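One protein chain, two forms: both are listed below as structure tokens, the first as structure 1 and the second as structure 2.
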Structure 1
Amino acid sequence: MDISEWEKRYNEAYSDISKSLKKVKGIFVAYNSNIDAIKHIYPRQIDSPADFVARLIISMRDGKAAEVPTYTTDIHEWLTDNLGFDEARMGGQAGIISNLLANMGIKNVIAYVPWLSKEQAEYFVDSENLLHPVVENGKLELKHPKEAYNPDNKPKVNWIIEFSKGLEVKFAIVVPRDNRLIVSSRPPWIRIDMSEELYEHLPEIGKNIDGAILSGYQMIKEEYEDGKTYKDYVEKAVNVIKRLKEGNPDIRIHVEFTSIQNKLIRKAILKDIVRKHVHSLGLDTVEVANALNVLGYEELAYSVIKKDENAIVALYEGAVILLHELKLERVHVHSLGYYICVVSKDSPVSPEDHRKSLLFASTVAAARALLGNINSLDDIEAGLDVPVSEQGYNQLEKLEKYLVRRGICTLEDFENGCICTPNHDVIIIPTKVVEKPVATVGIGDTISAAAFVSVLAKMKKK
């Protein structure tokens, strides 16, 4: 059943997208930057080490990627001496995406972070593509991160413990698949916010860009020390989105969702700031269930997190509901062997061009695995040598047999990757997976970011 024509679709997509990546004016990427600390190997937050080991055991028996936060530096000095990290890389949704797009030659990459530190600026690439906004003397100044940063700000470091093959140790029992645990520092001084002056010059920033990639809203707490609610930061998160559209009407705005422990913050994010002011959303199989658990579809959410064969068809239905419940124009869910992107019929980009974006995003993710990171637009070309994962092609077979028997799409339509339903459209591709990747943090942000910028390029709104 496996047709070798898919290798031809990847090749003709890379050249067509790379030749269009000059059509984008700029991108605005904001709110998430930290320094990862990779360590080589029911509690809701980490206050004492007994909680850290407990949350590690959950990841050791499910193989699920769980992100849990710490608020005090009481355990920063705990691990830093008891357990030495071996590598420190650029981390955060906005940070990785800022480096990726700059390394791709995307023009006018505008990266903003509230906590910009002296140690943090050294991790950003040095190029005319990547610039940070500082509003000094009442006017908009886009200066390099190396220089326009605040000295009083101290860095934000996160601990990442990753492991594979499930090397087991019994205490007083083997990890199924590869899994990583993220211990994120959320000190009281970091806030998802921006200066009042930079909040004023947002129409200027929007007029010189074509898209915005926003992520990091999980830093918002319910209660603050200065007596401010999560609704204010939720309100400000929208008004920043609003003022960007006031300088550009045709700007598309993407939000890269992430695992959020607090369901009340998770729901307030999906309902108050993503529902109507956002067009694009990026997810993974586990976050779709997370999104359903707050919108009111837990039966389907449990079906997504379940292990049966019909879990993928639940992931399909989960993506469709997220596209309609949230009034979204695009939903990009990325899995290990395949991508699933459901798109509205209002989409300013045809389903034919939606496929090339996913094929390109799949080409970028493979090169991201082989090379430590990507340094040029031509480096992505290396990603075409990774073979298409047959496991991903066979996972779609369970979904294909379910869709052609339901009567939604044609057998021809699925083998090509373009399904046209009466109210929405779906694009499905098998991705390219490396047996021995070099680094596996950031691959997710890279898929949605590379796919999102490829859409703005091929947009006829130019």
Structure 2
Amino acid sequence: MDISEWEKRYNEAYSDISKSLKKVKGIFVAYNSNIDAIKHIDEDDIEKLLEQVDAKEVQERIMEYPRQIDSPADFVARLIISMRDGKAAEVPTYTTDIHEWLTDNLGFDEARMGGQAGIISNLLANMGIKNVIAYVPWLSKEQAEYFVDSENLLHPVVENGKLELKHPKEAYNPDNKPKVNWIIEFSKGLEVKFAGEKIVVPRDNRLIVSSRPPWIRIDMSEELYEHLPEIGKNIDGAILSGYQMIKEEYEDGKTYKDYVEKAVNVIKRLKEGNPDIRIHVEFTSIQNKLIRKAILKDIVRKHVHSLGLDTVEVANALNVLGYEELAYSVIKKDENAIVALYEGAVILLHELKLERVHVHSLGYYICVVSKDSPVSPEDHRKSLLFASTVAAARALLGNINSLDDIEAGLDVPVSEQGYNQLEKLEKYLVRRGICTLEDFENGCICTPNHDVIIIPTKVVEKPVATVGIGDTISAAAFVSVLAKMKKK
């Protein structure tokens, strides 16, 4: 009916946060960075691959379906399978050699920074934030190419006797190669003569080779470890992600338990240098539920102050936290879904003792905040509106290059789908007595146990790129909250 009021609030939110970000003195962004590479393969390309491999071996490899890529024949065998069988597929490789072979023999059309940390790192860099300290384990020369040249963006490197911060381009170790994901795309009509058989592809499809090298872990050098307090002293918060690449078993005697214990120490060391620091964790899909549970309960729960996740991820968390039914209700897409999203969010806040849980969905955001939070509900609302604007711009333009680009997102309309979805929640919360019609249309809802802030968002109908928007949403909000709080 009236988004005009929401629209004014959006403008106030943008101006206030734009100015306030000057106050953030530094932010440590760590762990999962990688290169996503895309290649559309034609016939001339396939011919060069076959020129590099033995057909007898590939046919033998094809007979026994391979569940991993270790040799260039494994690649071709899987590639041919997914070429003839219509279905798409993702296959992992546990070596960096595969990427190198592909680079030397195939090429890629486009490449882009990937991973939650690397994206947030570049985002906050172009956003003008001071002291963006990124950390990528075993950073390589190629990886650093995909960081941006900003004076405010740094990375730790050891200069023969001292640990120092330099730009990513000047901080790599020549002895490592990078984690790169290859997405291979082919199209209807592709003809290939293999082993005398002729294969023509029925429909468009993509193949994904996902590098998951076992040596890249949630760990850091002793030099860096002992410098945590000095880093923490000089930043206002940290954004931590990538915990999904911890495995149950590591061949060198380590287990998931050891890297949970390491993760928590990293957080505690940071707090040793700055007791007022605020740690955010971006959550994501974690196939293995034993690990998901440890990440949430063992790591995230009492040591982290802020968590960011999408709708589905709330269900993943609830599911391993003892609420199978409520997870089932959020996953169903019907009217009740947003009622279950709300209550679930409220669960996560208490069960995991956090300052704030930020859930970003398609047409709206929902943030539940503890009563002992250092910033006000009004400020939090300013932060979601800002994050909503940043997401509009990034969807419009493909990427944020400056703090001014963000203003283009103010001109994306508040989504009607999202606004009407809140209407369902509005009725529920009013009837519950939790809420008054005035307080909800305000977007600020206060309750003895917690406050909860809901906004409708600006949704782009023909967006340029949908990669890293969710990561962007959580980062932009967390720093906005960091700007708002104060210190002497």
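The term rigid core refers to the most C-alpha atoms you can superpose between the two forms while keeping them within 1.5 Å. Residue indices: 1-based, along structure 1.
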Inset, instruction - Of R180, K228, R275, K245, only one moves its C-alpha by 2 angstroms or more between structures 1 and 2 once the rigid core is aligned, so tell me which. - result: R180
Legend entry - Rigid core superposed: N82 CA moves 2 Å or more between structures 1 and 2: yes
Legend entry - Core-aligned CA displacement of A66 at least 2 Å between structures 1 and 2: yes
Inset, instruction - Determine whether the C-alpha of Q391 shifts by 2 Å or more between structures 1 and 2 once the rigid core is superposed. - result: no
Inset, instruction - Using the rigid core as the frame, report the C-alpha movement of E136 between structures 1 and 2, one decimal, in Å. - result: 3.3
Inset, instruction - State the core-superposed CA shift for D36 between structures 1 and 2, in Å to one decimal. - result: 1.3
Legend entry - Following rigid core superposition, Cα shift of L167 between structures 1 and 2 in Å: 18.6
